[PDB]
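The chain that follows stands alone, in the form deposited in one PDB entry, written as structure tokens.
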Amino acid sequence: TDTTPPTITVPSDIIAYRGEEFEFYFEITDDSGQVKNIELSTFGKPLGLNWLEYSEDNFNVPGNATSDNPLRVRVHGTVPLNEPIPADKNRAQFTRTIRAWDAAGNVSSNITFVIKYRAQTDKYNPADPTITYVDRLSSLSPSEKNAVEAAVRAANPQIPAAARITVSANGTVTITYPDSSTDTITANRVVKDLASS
């Protein structure tokens, strides 16, 4: 008889950014070559993460889980935009457990995986814009602020379109990402006096 449960390989460094779709894979094998299903939990208790999803495609099919061709389970979702990040941002993670059944009733013992989530500015590092030349450094005109915003946007296509770029009276740039985290560009790297140049 089959008395050996499936073996699960977990990803070692799962990093998610708030408001951005992410994915990772579990790889599962069984000596029988067949895995019936899995369970994601909090050490046997409810998962408690409704934004976490996975496909049951190819579950409980003969030969779906061999050493040569493991069952690859795609887990995906989006950490909510406003998921709380405490003062110590290392605390921004969820430790959860996974186990799997074979077709003979053997279930593996829960093993852990960790979903770390971070603010969007942790992912994005804005390049300085081409300098906008202005008439008064202490008081930008509406067209100068438009130009600055355009310049910052142009120098940073990798930044999400849903991020909002604002410009202060002295040309200080604020980039506010969809999750409301921010990056700043100081005025001296954004604007210069036109006449002096």
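Residue positions are given as counts along the sequence shown, with the first one as 1. Rigid core here is just the name for the largest C-alpha set that superposes within 1.5 Å across the two forms.
What follows is about the form deposited in another entry, which we do not show.
Of the residues listed here (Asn37, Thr42, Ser139, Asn58), only one shifts its CA by 2 angstroms or more between this form and the one not shown after fitting on the rigid core, and it is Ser139. Superposed on the core, the two forms barely differ at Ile28: its CA moves less than 2 Å between this form and the one not shown. Once you line up the core between this form and the one not shown, the Cα of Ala187 ends up 2 Å or more from where it was. In the core-superposed comparison between this form and the one not shown, the C-alpha atom of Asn69 has shifted by less than 2 angstroms.
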